[PDB]
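What follows is the content of final.pdb (PDB, C-alpha atoms).
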```pdb
ATOM      1  CA  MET I   1     -26.454  -5.282 -75.168  1.00  0.00           C
ATOM      2  CA  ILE I   2     -29.152  -3.872 -77.455  1.00  0.00           C
ATOM      3  CA  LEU I   3     -29.272  -6.598 -80.112  1.00  0.00           C
ATOM      4  CA  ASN I   4     -31.929  -6.775 -82.831  1.00  0.00           C
ATOM      5  CA  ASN I   5     -31.675  -9.509 -85.488  1.00  0.00           C
ATOM      6  CA  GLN I   6     -27.913  -9.670 -86.238  1.00  0.00           C
ATOM      7  CA  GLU I   7     -27.033  -6.004 -85.613  1.00  0.00           C
ATOM      8  CA  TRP I   8     -25.902  -4.255 -82.429  1.00  0.00           C
ATOM      9  CA  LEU I   9     -26.429  -0.711 -81.160  1.00  0.00           C
ATOM     10  CA  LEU I  10     -23.197   0.404 -79.502  1.00  0.00           C
ATOM     11  CA  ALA I  11     -23.314   4.103 -78.627  1.00  0.00           C
ATOM     12  CA  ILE I  12     -25.002   7.444 -79.265  1.00  0.00           C
ATOM     13  CA  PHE I  13     -22.965  10.649 -79.003  1.00  0.00           C
ATOM     14  CA  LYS I  14     -23.800  14.353 -79.071  1.00  0.00           C
ATOM     15  CA  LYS I  15     -22.071  16.735 -81.480  1.00  0.00           C
ATOM     16  CA  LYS I  16     -21.887  20.495 -82.002  1.00  0.00           C
ATOM     17  CA  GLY I  17     -21.814  22.013 -85.484  1.00  0.00           C
ATOM     18  CA  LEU I  18     -20.806  25.506 -86.582  1.00  0.00           C
ATOM     19  CA  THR I  19     -22.238  27.383 -89.570  1.00  0.00           C
ATOM     20  CA  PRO I  20     -20.630  30.714 -90.512  1.00  0.00           C
ATOM     21  CA  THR I  21     -22.084  34.116 -91.278  1.00  0.00           C
ATOM     22  CA  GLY I  22     -20.546  36.773 -93.486  1.00  0.00           C
ATOM     23  CA  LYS I  23     -19.900  39.240 -90.670  1.00  0.00           C
ATOM     24  CA  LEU I  24     -16.368  40.024 -89.497  1.00  0.00           C
ATOM     25  CA  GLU I  25     -14.766  42.015 -86.683  1.00  0.00           C
ATOM     26  CA  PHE I  26     -11.206  43.252 -86.198  1.00  0.00           C
ATOM     27  CA  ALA I  27      -9.213  45.249 -83.661  1.00  0.00           C
ATOM     28  CA  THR I  28      -7.604  48.655 -84.179  1.00  0.00           C
ATOM     29  CA  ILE I  29      -3.928  49.638 -84.149  1.00  0.00           C
ATOM     30  CA  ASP I  30      -4.685  52.779 -82.146  1.00  0.00           C
ATOM     31  CA  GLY I  31      -3.980  51.270 -78.724  1.00  0.00           C
ATOM     32  CA  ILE I  32      -0.498  50.050 -79.651  1.00  0.00           C
ATOM     33  CA  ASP I  33       0.844  53.615 -79.553  1.00  0.00           C
ATOM     34  CA  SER I  34      -0.464  54.112 -76.012  1.00  0.00           C
ATOM     35  CA  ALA I  35       0.869  50.696 -74.991  1.00  0.00           C
ATOM     36  CA  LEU I  36       4.360  51.584 -76.237  1.00  0.00           C
ATOM     37  CA  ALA I  37       4.222  55.004 -74.570  1.00  0.00           C
ATOM     38  CA  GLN I  38       3.320  53.390 -71.247  1.00  0.00           C
ATOM     39  CA  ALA I  39       5.922  50.638 -71.650  1.00  0.00           C
ATOM     40  CA  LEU I  40       8.771  53.084 -72.297  1.00  0.00           C
ATOM     41  CA  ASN I  41       8.427  54.516 -68.783  1.00  0.00           C
ATOM     42  CA  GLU I  42       9.604  51.326 -67.065  1.00  0.00           C
ATOM     43  CA  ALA I  43      13.128  51.966 -68.366  1.00  0.00           C
ATOM     44  CA  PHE I  44      13.553  55.092 -66.227  1.00  0.00           C
ATOM     45  CA  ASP I  45      11.866  53.515 -63.206  1.00  0.00           C
ATOM     46  CA  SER I  46      13.887  51.346 -60.809  1.00  0.00           C
ATOM     47  CA  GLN I  47      16.890  53.668 -61.205  1.00  0.00           C
ATOM     48  CA  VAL I  48      18.619  55.347 -58.260  1.00  0.00           C
ATOM     49  CA  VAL I  49      21.410  57.905 -57.853  1.00  0.00           C
ATOM     50  CA  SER I  50      23.305  57.326 -54.614  1.00  0.00           C
ATOM     51  CA  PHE I  51      25.435  60.498 -54.539  1.00  0.00           C
ATOM     52  CA  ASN I  52      23.912  63.856 -55.427  1.00  0.00           C
ATOM     53  CA  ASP I  53      25.935  66.259 -57.556  1.00  0.00           C
TER      54      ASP I  53
ATOM     55  CA  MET Q   1      28.618   8.682 -35.368  1.00  0.00           C
ATOM     56  CA  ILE Q   2      25.277  10.338 -34.584  1.00  0.00           C
ATOM     57  CA  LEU Q   3      23.086   7.307 -35.277  1.00  0.00           C
ATOM     58  CA  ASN Q   4      19.392   7.127 -34.375  1.00  0.00           C
ATOM     59  CA  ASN Q   5      17.422   4.009 -35.377  1.00  0.00           C
ATOM     60  CA  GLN Q   6      18.768   3.459 -38.932  1.00  0.00           C
ATOM     61  CA  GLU Q   7      19.530   7.131 -39.697  1.00  0.00           C
ATOM     62  CA  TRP Q   8      22.988   8.713 -39.792  1.00  0.00           C
ATOM     63  CA  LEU Q   9      23.515  12.464 -39.427  1.00  0.00           C
ATOM     64  CA  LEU Q  10      26.565  13.329 -41.513  1.00  0.00           C
ATOM     65  CA  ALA Q  11      27.102  17.091 -41.695  1.00  0.00           C
ATOM     66  CA  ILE Q  12      25.517  20.528 -41.383  1.00  0.00           C
ATOM     67  CA  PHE Q  13      26.613  23.433 -43.584  1.00  0.00           C
ATOM     68  CA  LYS Q  14      25.690  27.111 -43.632  1.00  0.00           C
ATOM     69  CA  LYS Q  15      24.568  28.692 -46.898  1.00  0.00           C
ATOM     70  CA  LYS Q  16      24.051  32.280 -48.035  1.00  0.00           C
ATOM     71  CA  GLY Q  17      21.185  33.287 -50.315  1.00  0.00           C
ATOM     72  CA  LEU Q  18      20.633  36.464 -52.321  1.00  0.00           C
ATOM     73  CA  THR Q  19      17.222  38.054 -52.907  1.00  0.00           C
ATOM     74  CA  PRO Q  20      17.076  40.897 -55.446  1.00  0.00           C
ATOM     75  CA  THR Q  21      15.577  44.363 -55.334  1.00  0.00           C
ATOM     76  CA  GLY Q  22      14.427  46.280 -58.385  1.00  0.00           C
ATOM     77  CA  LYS Q  23      16.970  49.082 -58.030  1.00  0.00           C
ATOM     78  CA  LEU Q  24      19.806  49.460 -60.541  1.00  0.00           C
ATOM     79  CA  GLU Q  25      22.919  51.627 -60.809  1.00  0.00           C
ATOM     80  CA  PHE Q  26      25.150  52.324 -63.808  1.00  0.00           C
ATOM     81  CA  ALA Q  27      28.284  54.299 -64.637  1.00  0.00           C
ATOM     82  CA  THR Q  28      28.590  57.305 -66.947  1.00  0.00           C
ATOM     83  CA  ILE Q  29      30.532  57.725 -70.192  1.00  0.00           C
ATOM     84  CA  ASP Q  30      31.646  61.223 -69.211  1.00  0.00           C
ATOM     85  CA  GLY Q  31      35.036  60.192 -67.815  1.00  0.00           C
ATOM     86  CA  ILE Q  32      36.117  58.257 -70.909  1.00  0.00           C
ATOM     87  CA  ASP Q  33      36.746  61.514 -72.783  1.00  0.00           C
ATOM     88  CA  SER Q  34      39.075  62.750 -70.038  1.00  0.00           C
ATOM     89  CA  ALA Q  35      40.786  59.354 -69.882  1.00  0.00           C
ATOM     90  CA  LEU Q  36      41.452  59.443 -73.634  1.00  0.00           C
ATOM     91  CA  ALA Q  37      42.695  63.037 -73.449  1.00  0.00           C
ATOM     92  CA  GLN Q  38      45.146  62.089 -70.699  1.00  0.00           C
ATOM     93  CA  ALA Q  39      46.221  58.925 -72.529  1.00  0.00           C
ATOM     94  CA  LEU Q  40      47.044  60.807 -75.734  1.00  0.00           C
ATOM     95  CA  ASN Q  41      49.804  62.753 -73.970  1.00  0.00           C
ATOM     96  CA  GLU Q  42      52.018  59.699 -73.434  1.00  0.00           C
ATOM     97  CA  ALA Q  43      52.661  59.583 -77.188  1.00  0.00           C
ATOM     98  CA  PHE Q  44      54.592  62.867 -77.141  1.00  0.00           C
ATOM     99  CA  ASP Q  45      56.381  62.036 -73.891  1.00  0.00           C
ATOM    100  CA  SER Q  46      59.605  60.003 -73.947  1.00  0.00           C
ATOM    101  CA  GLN Q  47      60.690  61.696 -77.194  1.00  0.00           C
ATOM    102  CA  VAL Q  48      63.974  63.588 -77.522  1.00  0.00           C
ATOM    103  CA  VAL Q  49      65.833  65.572 -80.177  1.00  0.00           C
ATOM    104  CA  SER Q  50      69.596  65.065 -80.254  1.00  0.00           C
ATOM    105  CA  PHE Q  51      70.641  68.236 -82.109  1.00  0.00           C
ATOM    106  CA  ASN Q  52      68.860  71.581 -82.072  1.00  0.00           C
ATOM    107  CA  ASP Q  53      67.927  73.172 -85.387  1.00  0.00           C
TER     108      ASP Q  53
END
```
For the structure just supplied, provide its representation as structure tokens.
Amino acid sequence: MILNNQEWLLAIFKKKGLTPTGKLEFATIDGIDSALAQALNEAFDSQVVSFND
Amino acid sequence: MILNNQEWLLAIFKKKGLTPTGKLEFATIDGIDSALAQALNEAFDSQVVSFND
């Protein structure tokens, strides 16, 4: 109990503050085409034909 | 009564479990055309003409 006169000192915490800058960064829509092209192939996979004709 | 200490053994059953594989098989829409072509013929069947003209 840190008591001086009629006031107490209870706790001291540590805080983290964030200050922004003007810079910005964004992703590109170019990879979505390749992602869709690769994803389409899984439809034809896992398919079998038991009897040849 | 199969009783050991304070434990009763009541019954034992056998159970069957299914574990999947990625393979798939599906039917074709090719035969539906032939089925419809054959089905259309029953409209003209069972029809008669009493008097020739």
Separating atom CA of residue 33 of chain Q from atom CA of residue 40 of chain I, to the nearest tenth of an Å, is a gap of 29.2 Å
Write out the coordinates of chain Q as a PDB file with C-alpha atoms, keeping the file's coordinate frame after a least-squares overlay onto chain I built on all ordered Cα pairs.
```
ATOM      1  CA  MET Q   1     -26.524  -5.481 -75.276  1.00  0.00           C
ATOM      2  CA  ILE Q   2     -29.179  -3.885 -77.494  1.00  0.00           C
ATOM      3  CA  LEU Q   3     -29.263  -6.609 -80.147  1.00  0.00           C
ATOM      4  CA  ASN Q   4     -31.914  -6.817 -82.872  1.00  0.00           C
ATOM      5  CA  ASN Q   5     -31.609  -9.571 -85.504  1.00  0.00           C
ATOM      6  CA  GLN Q   6     -27.838  -9.425 -86.218  1.00  0.00           C
ATOM      7  CA  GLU Q   7     -27.374  -5.710 -85.423  1.00  0.00           C
ATOM      8  CA  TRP Q   8     -25.743  -4.291 -82.293  1.00  0.00           C
ATOM      9  CA  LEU Q   9     -26.363  -0.724 -81.121  1.00  0.00           C
ATOM     10  CA  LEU Q  10     -23.160   0.427 -79.441  1.00  0.00           C
ATOM     11  CA  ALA Q  11     -23.316   4.118 -78.533  1.00  0.00           C
ATOM     12  CA  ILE Q  12     -24.941   7.478 -79.233  1.00  0.00           C
ATOM     13  CA  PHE Q  13     -22.977  10.729 -78.984  1.00  0.00           C
ATOM     14  CA  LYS Q  14     -23.992  14.372 -79.266  1.00  0.00           C
ATOM     15  CA  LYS Q  15     -22.081  16.645 -81.634  1.00  0.00           C
ATOM     16  CA  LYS Q  16     -21.957  20.410 -82.129  1.00  0.00           C
ATOM     17  CA  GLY Q  17     -21.691  21.990 -85.572  1.00  0.00           C
ATOM     18  CA  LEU Q  18     -20.791  25.536 -86.592  1.00  0.00           C
ATOM     19  CA  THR Q  19     -22.322  27.356 -89.567  1.00  0.00           C
ATOM     20  CA  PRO Q  20     -20.711  30.670 -90.556  1.00  0.00           C
ATOM     21  CA  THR Q  21     -22.127  34.097 -91.279  1.00  0.00           C
ATOM     22  CA  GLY Q  22     -20.464  36.654 -93.515  1.00  0.00           C
ATOM     23  CA  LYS Q  23     -19.878  39.210 -90.764  1.00  0.00           C
ATOM     24  CA  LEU Q  24     -16.353  39.983 -89.550  1.00  0.00           C
ATOM     25  CA  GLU Q  25     -14.848  42.024 -86.717  1.00  0.00           C
ATOM     26  CA  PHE Q  26     -11.279  43.235 -86.218  1.00  0.00           C
ATOM     27  CA  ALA Q  27      -9.261  45.205 -83.676  1.00  0.00           C
ATOM     28  CA  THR Q  28      -7.633  48.611 -84.141  1.00  0.00           C
ATOM     29  CA  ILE Q  29      -3.964  49.615 -84.052  1.00  0.00           C
ATOM     30  CA  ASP Q  30      -4.755  52.781 -82.106  1.00  0.00           C
ATOM     31  CA  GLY Q  31      -4.003  51.339 -78.663  1.00  0.00           C
ATOM     32  CA  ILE Q  32      -0.540  50.047 -79.571  1.00  0.00           C
ATOM     33  CA  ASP Q  33       0.851  53.594 -79.506  1.00  0.00           C
ATOM     34  CA  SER Q  34      -0.436  54.131 -75.964  1.00  0.00           C
ATOM     35  CA  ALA Q  35       0.855  50.707 -74.915  1.00  0.00           C
ATOM     36  CA  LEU Q  36       4.338  51.548 -76.217  1.00  0.00           C
ATOM     37  CA  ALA Q  37       4.266  54.968 -74.546  1.00  0.00           C
ATOM     38  CA  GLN Q  38       3.381  53.365 -71.212  1.00  0.00           C
ATOM     39  CA  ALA Q  39       5.972  50.609 -71.669  1.00  0.00           C
ATOM     40  CA  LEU Q  40       8.796  53.081 -72.304  1.00  0.00           C
ATOM     41  CA  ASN Q  41       8.446  54.498 -68.785  1.00  0.00           C
ATOM     42  CA  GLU Q  42       9.626  51.308 -67.067  1.00  0.00           C
ATOM     43  CA  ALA Q  43      13.130  51.950 -68.418  1.00  0.00           C
ATOM     44  CA  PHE Q  44      13.582  55.067 -66.275  1.00  0.00           C
ATOM     45  CA  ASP Q  45      11.913  53.502 -63.238  1.00  0.00           C
ATOM     46  CA  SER Q  46      13.956  51.391 -60.809  1.00  0.00           C
ATOM     47  CA  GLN Q  47      16.981  53.676 -61.268  1.00  0.00           C
ATOM     48  CA  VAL Q  48      18.669  55.453 -58.359  1.00  0.00           C
ATOM     49  CA  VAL Q  49      21.555  57.867 -57.820  1.00  0.00           C
ATOM     50  CA  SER Q  50      23.656  57.228 -54.721  1.00  0.00           C
ATOM     51  CA  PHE Q  51      25.261  60.668 -54.304  1.00  0.00           C
ATOM     52  CA  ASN Q  52      23.780  64.005 -55.323  1.00  0.00           C
ATOM     53  CA  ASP Q  53      25.829  66.290 -57.553  1.00  0.00           C
TER      54      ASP Q  53
END
```
Just so the selection is clear, what residues does the ChimeraX specification (/Q :<8) & /I cover here, as a PyMOL selection string?
chain I and resi 46-49
Let's have the selection written as a CSV table (one decimal), in the frame of the given file, with C-alpha atoms.
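Contents of selection.csv, as written:
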```csv
chain,number,residue,atom,x,y,z
I,46,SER,CA,13.9,51.3,-60.8
I,47,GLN,CA,16.9,53.7,-61.2
I,48,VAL,CA,18.6,55.3,-58.3
I,49,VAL,CA,21.4,57.9,-57.9
```
Can you tell me how far atom CA of residue 27 of chain Q sits from atom CA of residue 44 of chain I, in Å to one decimal?
14.8 Å
Got a minute to add N, CA and C atoms to segment 7-30 of chain Q and dump it as a short mmCIF file (atom, residue, chain, number, x, y, z; two decimals), keeping the file's coordinate frame?
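Writing the result to rebuild31.cif gives the following:
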```
data_model
loop_
_atom_site.label_atom_id
_atom_site.label_comp_id
_atom_site.auth_asym_id
_atom_site.auth_seq_id
_atom_site.Cartn_x
_atom_site.Cartn_y
_atom_site.Cartn_z
N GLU Q 7 19.21 5.87 -39.05
CA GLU Q 7 19.53 7.13 -39.70
C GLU Q 7 20.86 7.67 -39.18
N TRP Q 8 21.73 8.06 -40.11
CA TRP Q 8 22.99 8.71 -39.79
C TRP Q 8 22.87 10.20 -40.09
N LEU Q 9 23.42 11.02 -39.20
CA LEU Q 9 23.52 12.46 -39.43
C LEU Q 9 24.97 12.77 -39.77
N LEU Q 10 25.20 13.22 -41.00
CA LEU Q 10 26.56 13.33 -41.51
C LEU Q 10 27.17 14.71 -41.29
N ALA Q 11 26.52 15.76 -41.79
CA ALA Q 11 27.10 17.09 -41.70
C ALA Q 11 26.01 18.15 -41.76
N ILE Q 12 26.36 19.35 -41.29
CA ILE Q 12 25.52 20.53 -41.38
C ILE Q 12 26.37 21.68 -41.91
N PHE Q 13 25.91 22.31 -42.98
CA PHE Q 13 26.61 23.43 -43.58
C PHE Q 13 25.74 24.68 -43.54
N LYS Q 14 26.38 25.84 -43.55
CA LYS Q 14 25.69 27.11 -43.63
C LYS Q 14 25.76 27.63 -45.06
N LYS Q 15 24.66 28.21 -45.53
CA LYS Q 15 24.57 28.69 -46.90
C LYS Q 15 24.00 30.10 -46.91
N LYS Q 16 24.44 30.89 -47.89
CA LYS Q 16 24.05 32.28 -48.04
C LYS Q 16 23.24 32.45 -49.31
N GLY Q 17 22.07 33.07 -49.19
CA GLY Q 17 21.18 33.29 -50.32
C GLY Q 17 21.03 34.77 -50.60
N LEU Q 18 20.78 35.09 -51.87
CA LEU Q 18 20.63 36.46 -52.32
C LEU Q 18 19.24 36.66 -52.89
N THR Q 19 18.55 37.69 -52.41
CA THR Q 19 17.22 38.05 -52.91
C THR Q 19 17.29 39.44 -53.52
N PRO Q 20 16.83 39.63 -54.75
CA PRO Q 20 17.08 40.90 -55.45
C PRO Q 20 16.05 41.97 -55.10
N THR Q 21 16.46 43.21 -55.34
CA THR Q 21 15.58 44.36 -55.33
C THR Q 21 15.61 44.99 -56.72
N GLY Q 22 14.57 45.77 -57.03
CA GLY Q 22 14.43 46.28 -58.38
C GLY Q 22 15.41 47.37 -58.75
N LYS Q 23 16.11 47.93 -57.77
CA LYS Q 23 16.97 49.08 -58.03
C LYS Q 23 18.19 48.70 -58.86
N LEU Q 24 18.64 49.64 -59.68
CA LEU Q 24 19.81 49.46 -60.54
C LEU Q 24 20.67 50.71 -60.51
N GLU Q 25 21.96 50.53 -60.77
CA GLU Q 25 22.92 51.63 -60.81
C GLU Q 25 23.91 51.38 -61.94
N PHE Q 26 24.26 52.44 -62.67
CA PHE Q 26 25.15 52.32 -63.81
C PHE Q 26 26.12 53.50 -63.84
N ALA Q 27 27.25 53.29 -64.51
CA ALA Q 27 28.28 54.30 -64.64
C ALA Q 27 28.00 55.21 -65.83
N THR Q 28 28.77 56.30 -65.91
CA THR Q 28 28.59 57.30 -66.95
C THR Q 28 29.78 57.31 -67.90
N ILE Q 29 29.52 57.73 -69.14
CA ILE Q 29 30.53 57.72 -70.19
C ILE Q 29 31.27 59.05 -70.22
N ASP Q 30 31.05 59.89 -69.21
CA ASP Q 30 31.65 61.22 -69.21
C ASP Q 30 33.15 61.17 -68.99
#
```
